[PDB]
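Raw contents of input-v1.pdb, PDB, C-alpha atoms:
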```
ATOM      1  CA  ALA A  26      24.019  39.983  -5.333
ATOM      2  CA  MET A  27      20.602  41.664  -5.366
ATOM      3  CA  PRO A  28      20.369  45.396  -4.460
ATOM      4  CA  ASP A  29      18.294  47.153  -1.816
ATOM      5  CA  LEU A  30      14.591  47.638  -2.468
ATOM      6  CA  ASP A  31      15.285  51.379  -2.388
ATOM      7  CA  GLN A  32      18.001  51.030  -5.015
ATOM      8  CA  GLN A  33      15.829  48.873  -7.237
ATOM      9  CA  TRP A  34      12.970  51.365  -7.128
ATOM     10  CA  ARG A  35      15.197  54.322  -7.873
ATOM     11  CA  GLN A  36      17.339  52.579 -10.492
ATOM     12  CA  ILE A  37      14.403  51.142 -12.428
ATOM     13  CA  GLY A  38      12.236  54.243 -12.049
ATOM     14  CA  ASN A  39      15.053  56.507 -13.197
ATOM     15  CA  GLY A  40      15.500  54.034 -16.035
ATOM     16  CA  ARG A  41      11.952  54.771 -17.177
ATOM     17  CA  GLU A  42      12.968  58.437 -17.451
ATOM     18  CA  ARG A  43      15.480  57.765 -20.226
ATOM     19  CA  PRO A  44      15.244  59.862 -23.378
ATOM     20  CA  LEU A  45      14.525  58.108 -26.647
ATOM     21  CA  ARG A  46      17.560  57.667 -28.868
ATOM     22  CA  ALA A  47      17.413  56.091 -32.330
ATOM     23  CA  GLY A  48      18.565  52.477 -32.458
ATOM     24  CA  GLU A  49      18.398  51.955 -28.702
ATOM     25  CA  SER A  50      16.639  48.877 -27.325
ATOM     26  CA  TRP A  51      13.717  49.080 -24.915
ATOM     27  CA  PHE A  52      11.865  46.149 -23.303
ATOM     28  CA  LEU A  53       8.230  45.473 -22.410
ATOM     29  CA  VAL A  54       7.251  44.397 -18.905
ATOM     30  CA  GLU A  55       3.770  43.041 -18.242
ATOM     31  CA  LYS A  56       1.820  45.458 -16.069
ATOM     32  CA  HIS A  57       0.744  42.890 -13.466
ATOM     33  CA  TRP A  58       4.286  41.728 -12.808
ATOM     34  CA  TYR A  59       5.578  45.298 -12.637
ATOM     35  CA  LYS A  60       2.897  46.213 -10.100
ATOM     36  CA  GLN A  61       3.848  43.194  -7.995
ATOM     37  CA  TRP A  62       7.539  44.139  -8.190
ATOM     38  CA  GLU A  63       6.570  47.690  -7.249
ATOM     39  CA  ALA A  64       4.548  46.393  -4.303
ATOM     40  CA  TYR A  65       7.495  44.293  -3.148
ATOM     41  CA  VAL A  66       9.992  47.117  -3.503
ATOM     42  CA  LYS A  67       7.789  49.689  -1.749
ATOM     43  CA  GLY A  68       7.018  47.219   1.041
ATOM     44  CA  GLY A  69      10.384  47.943   2.655
ATOM     45  CA  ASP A  70      10.956  44.285   3.567
ATOM     46  CA  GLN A  71      13.300  42.123   1.499
ATOM     47  CA  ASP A  72      11.856  38.962   3.045
ATOM     48  CA  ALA A  73       8.225  39.786   2.336
ATOM     49  CA  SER A  74       5.988  37.282   0.569
ATOM     50  CA  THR A  75       5.266  40.030  -1.972
ATOM     51  CA  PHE A  76       8.400  38.900  -3.834
ATOM     52  CA  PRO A  77       7.339  39.133  -7.531
ATOM     53  CA  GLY A  78       9.262  36.091  -8.788
ATOM     54  CA  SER A  79      10.675  35.772 -12.299
ATOM     55  CA  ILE A  80       9.607  38.375 -14.858
ATOM     56  CA  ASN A  81       6.408  37.069 -16.421
ATOM     57  CA  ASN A  82       5.229  38.512 -19.730
ATOM     58  CA  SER A  83       2.764  35.685 -20.502
ATOM     59  CA  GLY A  84      -0.224  37.999 -20.901
ATOM     60  CA  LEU A  85       1.591  39.894 -23.645
ATOM     61  CA  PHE A  86       2.080  36.925 -25.956
ATOM     62  CA  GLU A  87      -0.323  35.739 -28.660
ATOM     63  CA  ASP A  88       1.050  32.204 -28.598
ATOM     64  CA  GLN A  89       3.984  30.629 -26.750
ATOM     65  CA  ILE A  90       5.420  28.989 -29.853
ATOM     66  CA  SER A  91       6.330  31.950 -32.056
ATOM     67  CA  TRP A  92       6.179  34.461 -29.196
ATOM     68  CA  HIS A  93       4.338  37.125 -31.167
ATOM     69  CA  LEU A  94       2.931  40.101 -29.313
ATOM     70  CA  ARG A  95      -0.816  40.326 -28.823
ATOM     71  CA  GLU A  96      -2.303  43.094 -30.958
ATOM     72  CA  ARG A  97      -3.611  46.411 -29.602
ATOM     73  CA  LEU A  98      -1.503  46.394 -26.434
ATOM     74  CA  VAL A  99      -1.423  49.814 -24.784
ATOM     75  CA  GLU A 100       1.510  51.309 -22.898
ATOM     76  CA  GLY A 101       0.525  52.123 -19.331
ATOM     77  CA  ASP A 102      -2.357  49.638 -19.304
ATOM     78  CA  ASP A 103      -0.851  46.351 -20.464
ATOM     79  CA  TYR A 104       2.881  46.981 -20.211
ATOM     80  CA  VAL A 105       5.662  49.245 -18.984
ATOM     81  CA  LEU A 106       8.764  50.070 -21.043
ATOM     82  CA  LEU A 107      12.277  49.842 -19.583
ATOM     83  CA  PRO A 108      15.533  50.726 -21.384
ATOM     84  CA  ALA A 109      18.049  47.968 -22.129
ATOM     85  CA  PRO A 110      20.269  48.641 -19.089
ATOM     86  CA  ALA A 111      17.313  48.838 -16.682
ATOM     87  CA  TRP A 112      15.924  45.667 -18.241
ATOM     88  CA  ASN A 113      19.270  43.871 -17.864
ATOM     89  CA  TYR A 114      19.335  44.747 -14.174
ATOM     90  CA  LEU A 115      15.773  43.524 -13.639
ATOM     91  CA  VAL A 116      16.559  40.272 -15.437
ATOM     92  CA  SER A 117      19.773  39.713 -13.455
ATOM     93  CA  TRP A 118      17.826  40.113 -10.219
ATOM     94  CA  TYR A 119      14.650  38.102 -10.890
ATOM     95  CA  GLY A 120      15.247  36.066 -14.047
ATOM     96  CA  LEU A 121      12.788  35.175 -16.790
ATOM     97  CA  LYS A 122       9.729  32.985 -16.238
ATOM     98  CA  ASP A 123      10.051  29.497 -17.729
ATOM     99  CA  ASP A 124      11.216  29.685 -21.340
ATOM    100  CA  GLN A 125       9.895  33.172 -22.053
ATOM    101  CA  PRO A 126      12.040  35.326 -24.342
ATOM    102  CA  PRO A 127      12.662  39.017 -23.674
ATOM    103  CA  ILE A 128      10.443  41.370 -25.695
ATOM    104  CA  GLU A 129      12.997  43.659 -27.326
ATOM    105  CA  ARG A 130      11.893  46.611 -29.436
ATOM    106  CA  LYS A 131      13.911  49.381 -31.100
ATOM    107  CA  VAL A 132      13.557  53.151 -30.947
ATOM    108  CA  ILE A 133      12.823  54.355 -34.472
ATOM    109  CA  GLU A 134      12.676  57.748 -36.093
ATOM    110  CA  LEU A 135       9.719  58.806 -38.260
ATOM    111  CA  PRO A 136       9.315  62.247 -39.807
ATOM    112  CA  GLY A 137       8.226  64.339 -36.851
ATOM    113  CA  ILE A 138       8.362  61.619 -34.235
ATOM    114  CA  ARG A 139      10.723  59.311 -32.347
ATOM    115  CA  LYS A 140       9.210  56.250 -30.687
ATOM    116  CA  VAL A 141       9.748  52.749 -29.398
ATOM    117  CA  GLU A 142       8.410  50.615 -32.226
ATOM    118  CA  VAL A 143       6.377  48.001 -30.374
ATOM    119  CA  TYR A 144       4.885  46.562 -33.576
ATOM    120  CA  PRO A 145       7.430  46.202 -36.410
ATOM    121  CA  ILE A 146       6.314  44.962 -39.827
ATOM    122  CA  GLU A 147       6.848  41.351 -40.930
ATOM    123  CA  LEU A 148       7.433  40.728 -44.634
ATOM    124  CA  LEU A 149       7.255  37.464 -46.582
ATOM    125  CA  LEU A 150      10.242  37.666 -48.894
ATOM    126  CA  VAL A 151      10.446  35.238 -51.814
ATOM    127  CA  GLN A 152      12.825  34.957 -54.755
ATOM    128  CA  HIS A 153      10.997  34.971 -58.095
ATOM    129  CA  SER A 154      13.370  32.271 -59.339
ATOM    130  CA  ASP A 155      13.253  30.219 -56.112
ATOM    131  CA  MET A 156       9.677  30.259 -54.838
ATOM    132  CA  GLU A 157      10.002  27.216 -52.562
ATOM    133  CA  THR A 158      12.253  29.313 -50.325
ATOM    134  CA  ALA A 159      10.184  31.898 -48.441
ATOM    135  CA  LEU A 160      11.722  33.922 -45.605
ATOM    136  CA  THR A 161       9.726  35.828 -42.993
ATOM    137  CA  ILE A 162      11.838  38.874 -42.166
ATOM    138  CA  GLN A 163      11.085  41.577 -39.614
ATOM    139  CA  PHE A 164      11.628  45.225 -40.555
ATOM    140  CA  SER A 165      10.776  48.663 -39.228
ATOM    141  CA  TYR A 166       8.082  50.830 -40.815
ATOM    142  CA  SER A 167      10.746  53.540 -40.947
ATOM    143  CA  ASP A 168      13.052  51.278 -42.948
ATOM    144  CA  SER A 169      13.477  51.964 -46.648
ATOM    145  CA  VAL A 170      12.550  49.693 -49.528
ATOM    146  CA  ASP A 171      16.237  49.697 -50.417
ATOM    147  CA  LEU A 172      17.017  48.289 -46.959
ATOM    148  CA  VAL A 173      14.489  45.534 -47.569
ATOM    149  CA  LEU A 174      16.253  44.886 -50.875
ATOM    150  CA  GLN A 175      19.776  44.497 -49.407
ATOM    151  CA  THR A 176      18.536  42.447 -46.463
ATOM    152  CA  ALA A 177      16.805  40.126 -48.942
ATOM    153  CA  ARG A 178      19.958  40.019 -51.046
ATOM    154  CA  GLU A 179      22.136  38.880 -48.166
ATOM    155  CA  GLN A 180      19.525  36.496 -46.744
ATOM    156  CA  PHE A 181      19.173  34.845 -50.175
ATOM    157  CA  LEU A 182      22.957  34.704 -50.681
ATOM    158  CA  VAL A 183      22.750  36.993 -53.710
ATOM    159  CA  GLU A 184      26.022  38.205 -55.215
ATOM    160  CA  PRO A 185      26.899  41.942 -55.152
ATOM    161  CA  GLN A 186      27.279  42.513 -58.904
ATOM    162  CA  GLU A 187      23.680  41.464 -59.627
ATOM    163  CA  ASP A 188      20.628  43.745 -59.998
ATOM    164  CA  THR A 189      17.523  42.954 -57.990
ATOM    165  CA  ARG A 190      14.097  44.556 -57.657
ATOM    166  CA  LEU A 191      10.854  44.093 -55.755
ATOM    167  CA  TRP A 192       7.253  43.283 -56.688
ATOM    168  CA  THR A 193       4.262  43.413 -54.367
ATOM    169  CA  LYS A 194       0.469  43.211 -54.114
ATOM    170  CA  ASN A 195      -1.229  46.110 -52.344
ATOM    171  CA  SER A 196      -4.708  45.805 -50.798
ATOM    172  CA  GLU A 197      -6.331  47.721 -53.664
ATOM    173  CA  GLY A 198      -5.356  45.248 -54.986
ATOM    174  CA  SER A 199      -2.765  45.284 -57.741
ATOM    175  CA  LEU A 200       0.652  43.803 -58.419
ATOM    176  CA  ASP A 201       3.195  46.593 -58.808
ATOM    177  CA  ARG A 202       6.945  47.051 -58.996
ATOM    178  CA  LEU A 203       8.467  49.016 -56.104
ATOM    179  CA  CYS A 204      10.482  51.415 -58.262
ATOM    180  CA  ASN A 205      11.119  54.049 -55.587
ATOM    181  CA  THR A 206      13.558  52.424 -53.192
ATOM    182  CA  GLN A 207      14.132  55.620 -51.208
ATOM    183  CA  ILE A 208      10.804  55.490 -49.368
ATOM    184  CA  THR A 209       9.742  53.989 -46.064
ATOM    185  CA  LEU A 210       7.674  50.826 -45.785
ATOM    186  CA  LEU A 211       5.046  53.084 -44.269
ATOM    187  CA  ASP A 212       4.963  55.319 -47.349
ATOM    188  CA  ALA A 213       4.787  52.120 -49.386
ATOM    189  CA  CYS A 214       1.628  51.196 -47.460
ATOM    190  CA  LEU A 215       2.663  47.653 -46.586
ATOM    191  CA  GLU A 216       0.645  45.373 -44.322
ATOM    192  CA  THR A 217       2.464  42.953 -42.064
ATOM    193  CA  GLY A 218       2.639  39.459 -43.554
ATOM    194  CA  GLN A 219       2.616  40.984 -47.035
ATOM    195  CA  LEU A 220       4.231  39.032 -49.849
ATOM    196  CA  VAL A 221       7.237  40.732 -51.419
ATOM    197  CA  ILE A 222       8.851  39.088 -54.438
ATOM    198  CA  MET A 223      12.488  39.841 -55.201
ATOM    199  CA  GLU A 224      13.723  39.262 -58.718
ATOM    200  CA  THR A 225      17.271  39.007 -60.066
ATOM    201  CA  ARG A 226      18.205  40.428 -63.473
ATOM    202  CA  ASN A 227      19.262  37.880 -66.093
ATOM    203  CA  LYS A 228      22.727  38.063 -67.665
ATOM    204  CA  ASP A 229      21.310  39.368 -70.951
ATOM    205  CA  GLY A 230      19.837  42.329 -69.074
ATOM    206  CA  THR A 231      16.250  41.127 -69.272
ATOM    207  CA  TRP A 232      14.100  40.505 -66.202
ATOM    208  CA  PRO A 233      12.578  37.044 -65.578
ATOM    209  CA  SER A 234       9.262  38.830 -64.953
ATOM    210  CA  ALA A 235       9.411  40.387 -68.430
ATOM    211  CA  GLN A 236      10.356  37.562 -70.812
ATOM    212  CA  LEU A 237       7.620  38.624 -73.255
TER     213      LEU A 237
END
```

I'd like the structure from this file rewritten - as structure tokens, please.
Amino acid sequence: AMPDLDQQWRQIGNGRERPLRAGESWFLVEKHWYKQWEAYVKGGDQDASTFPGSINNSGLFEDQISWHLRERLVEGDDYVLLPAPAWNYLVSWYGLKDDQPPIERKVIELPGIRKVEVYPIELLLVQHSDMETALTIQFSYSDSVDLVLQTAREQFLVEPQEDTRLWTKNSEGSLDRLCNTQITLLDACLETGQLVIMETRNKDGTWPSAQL
């Protein structure tokens, strides 16, 4: 059920010409594989040995255990971006190499710019009153601190009637309370992997971090 080489070229190429819309998923394709696919498709022969095989993004991964992206990857040199539908077509036709996961990234909106966020921020969220339980959660730099707060609340099974707030160590460094929840993680100047401690208000109205 695989289309003509002509159709593949046109359908995938036209895919690349898709305008960025907030919340839409795009996918990374390793440059080498894409060039081989391109060679195959432009060859004009469906039975040619230039058949690219399963989509192989091995060169894009740091390690094949957590499947993190290598740092400092550049669009056009290391990878090509395809929209979700174009990606789905490509996958249906050629499949994924071995146990490789798809590299899905979201289109985000920053003040003045819309872009596919290839490197989202990872935060280490911990409850102040349950420090054994640390969750690594992935956010967007465009996301608000308040969004981090609710996500933490639901990940830590926190009830809705309770007040929570965030503490964090910047690289200055100092431990501060994130009192302005209406700002982006970018305005908050957060590094990926940064520890963020969520605290729940006690019944008496006091905070566990302020018992003195």

Taking only residues of stretch 90-194 of chain A that have an atom at most 12 Å from an atom of stretch 61-64 of chain A, what is each one's shortest atom pair and its distance in Å to one decimal, using only C-alpha atoms, in chain and number order, as CSV?
```
residue,atom,partner,partner_atom,distance
A:105,CA,A:63,CA,11.9
A:115,CA,A:62,CA,9.9
A:118,CA,A:62,CA,11.2
A:119,CA,A:62,CA,9.7
```

Which residues of stretch 111-180 of chain A come within 10 Å of stretch 27-47 of chain A, and what is each one's closest atom pair and distance in Å (one decimal), counting all atoms listed in the file, sorted by chain and residue number, as CSV?
```
residue,atom,partner,partner_atom,distance
A:111,CA,A:40,CA,5.5
A:112,CA,A:37,CA,8.1
A:114,CA,A:37,CA,8.3
A:115,CA,A:37,CA,7.8
A:117,CA,A:27,CA,8.4
A:118,CA,A:27,CA,5.8
A:119,CA,A:27,CA,8.9
A:131,CA,A:47,CA,7.7
A:132,CA,A:47,CA,5.0
A:133,CA,A:47,CA,5.4
A:134,CA,A:47,CA,6.3
A:139,CA,A:45,CA,7.0
A:140,CA,A:45,CA,6.9
A:141,CA,A:45,CA,7.7
```

Using the chain letters and numbering of this document, enumerate as a PDB file with C-alpha atoms, in the coordinates of the input the residues selected by the PyMOL selection byres ((chain A and resi 152-160) around 12).
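Result file result.pdb:
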```
ATOM      1  CA  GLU A 147       6.848  41.351 -40.930  1.00  0.00           C
ATOM      2  CA  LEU A 148       7.433  40.728 -44.634  1.00  0.00           C
ATOM      3  CA  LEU A 149       7.255  37.464 -46.582  1.00  0.00           C
ATOM      4  CA  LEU A 150      10.242  37.666 -48.894  1.00  0.00           C
ATOM      5  CA  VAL A 151      10.446  35.238 -51.814  1.00  0.00           C
ATOM      6  CA  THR A 161       9.726  35.828 -42.993  1.00  0.00           C
ATOM      7  CA  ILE A 162      11.838  38.874 -42.166  1.00  0.00           C
ATOM      8  CA  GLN A 163      11.085  41.577 -39.614  1.00  0.00           C
ATOM      9  CA  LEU A 174      16.253  44.886 -50.875  1.00  0.00           C
ATOM     10  CA  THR A 176      18.536  42.447 -46.463  1.00  0.00           C
ATOM     11  CA  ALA A 177      16.805  40.126 -48.942  1.00  0.00           C
ATOM     12  CA  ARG A 178      19.958  40.019 -51.046  1.00  0.00           C
ATOM     13  CA  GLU A 179      22.136  38.880 -48.166  1.00  0.00           C
ATOM     14  CA  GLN A 180      19.525  36.496 -46.744  1.00  0.00           C
ATOM     15  CA  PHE A 181      19.173  34.845 -50.175  1.00  0.00           C
ATOM     16  CA  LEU A 182      22.957  34.704 -50.681  1.00  0.00           C
ATOM     17  CA  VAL A 183      22.750  36.993 -53.710  1.00  0.00           C
ATOM     18  CA  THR A 189      17.523  42.954 -57.990  1.00  0.00           C
ATOM     19  CA  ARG A 190      14.097  44.556 -57.657  1.00  0.00           C
ATOM     20  CA  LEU A 191      10.854  44.093 -55.755  1.00  0.00           C
ATOM     21  CA  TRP A 192       7.253  43.283 -56.688  1.00  0.00           C
ATOM     22  CA  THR A 193       4.262  43.413 -54.367  1.00  0.00           C
ATOM     23  CA  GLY A 218       2.639  39.459 -43.554  1.00  0.00           C
ATOM     24  CA  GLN A 219       2.616  40.984 -47.035  1.00  0.00           C
ATOM     25  CA  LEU A 220       4.231  39.032 -49.849  1.00  0.00           C
ATOM     26  CA  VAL A 221       7.237  40.732 -51.419  1.00  0.00           C
ATOM     27  CA  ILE A 222       8.851  39.088 -54.438  1.00  0.00           C
ATOM     28  CA  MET A 223      12.488  39.841 -55.201  1.00  0.00           C
ATOM     29  CA  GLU A 224      13.723  39.262 -58.718  1.00  0.00           C
ATOM     30  CA  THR A 225      17.271  39.007 -60.066  1.00  0.00           C
ATOM     31  CA  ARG A 226      18.205  40.428 -63.473  1.00  0.00           C
ATOM     32  CA  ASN A 227      19.262  37.880 -66.093  1.00  0.00           C
ATOM     33  CA  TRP A 232      14.100  40.505 -66.202  1.00  0.00           C
ATOM     34  CA  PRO A 233      12.578  37.044 -65.578  1.00  0.00           C
ATOM     35  CA  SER A 234       9.262  38.830 -64.953  1.00  0.00           C
ATOM     36  CA  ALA A 235       9.411  40.387 -68.430  1.00  0.00           C
TER      37      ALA A 235
END
```

message: Ranking A:122, A:67, A:130, A:60 by minimum distance to residue A:94 and counting only C-alpha atoms, which one comes first?
response: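 With only C-alpha atoms as the atom set, the closest residue is A:130.
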
Counting all atoms listed in the file, which residues sit no farther than 9 Å from the position (4.7, 37.2, -21.5) in the file's frame? I'd like them as a short mmCIF file (atom, residue, chain, number, x, y, z; two decimals) with C-alpha atoms, keeping the file's coordinate frame.
```cif
data_model
loop_
_atom_site.label_atom_id
_atom_site.label_comp_id
_atom_site.auth_asym_id
_atom_site.auth_seq_id
_atom_site.Cartn_x
_atom_site.Cartn_y
_atom_site.Cartn_z
CA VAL A 54 7.25 44.40 -18.90
CA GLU A 55 3.77 43.04 -18.24
CA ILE A 80 9.61 38.38 -14.86
CA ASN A 81 6.41 37.07 -16.42
CA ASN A 82 5.23 38.51 -19.73
CA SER A 83 2.76 35.68 -20.50
CA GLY A 84 -0.22 38.00 -20.90
CA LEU A 85 1.59 39.89 -23.64
CA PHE A 86 2.08 36.92 -25.96
CA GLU A 87 -0.32 35.74 -28.66
CA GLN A 89 3.98 30.63 -26.75
CA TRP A 92 6.18 34.46 -29.20
CA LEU A 94 2.93 40.10 -29.31
CA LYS A 122 9.73 32.98 -16.24
CA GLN A 125 9.90 33.17 -22.05
CA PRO A 126 12.04 35.33 -24.34
CA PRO A 127 12.66 39.02 -23.67
CA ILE A 128 10.44 41.37 -25.70
#
```

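Relative to atom CA of residue A:166, atom CA of residue A:138 is found at 12.6 Å.
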
task: Tell me which of A:167, A:88, A:93, A:51 sits closest to residue A:110, counting only C-alpha atoms.
output: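 Going through A:167, A:88, A:93, A:51 one by one, the smallest distance to residue A:110 is for A:51.
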
Considering only C-alpha atoms, give me a table of residues in stretch 53-105 of chain A that are at most 10 Å from stretch 142-146 of chain A, with the closest atom pair and distance in Å for each, as a Markdown table.
```
| residue | atom | partner | partner_atom | distance |
| --- | --- | --- | --- | --- |
| A:53 | CA | A:143 | CA | 8.6 |
| A:93 | CA | A:144 | CA | 9.8 |
| A:94 | CA | A:144 | CA | 8.0 |
| A:95 | CA | A:144 | CA | 9.7 |
| A:96 | CA | A:144 | CA | 8.4 |
| A:97 | CA | A:144 | CA | 9.4 |
| A:98 | CA | A:143 | CA | 9.0 |
| A:99 | CA | A:143 | CA | 9.8 |
| A:100 | CA | A:143 | CA | 9.5 |
```

field: Residues matched by the PyMOL selection byres ((chain A and resi 204) around 10), written as a PyMOL selection string
entry: chain A and resi 170-171+190-192+201-203+205-208

query: At a cut-off of 6 Å from (1.0, 42.9, -17.4) in the coordinates of the file, what residues are picked up using all atoms listed in the file, written as a ChimeraX atom specification?
result: /A:55-58,103-104

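You will find atom CA of residue A:101 at 28.3 Å from atom CA of residue A:72.
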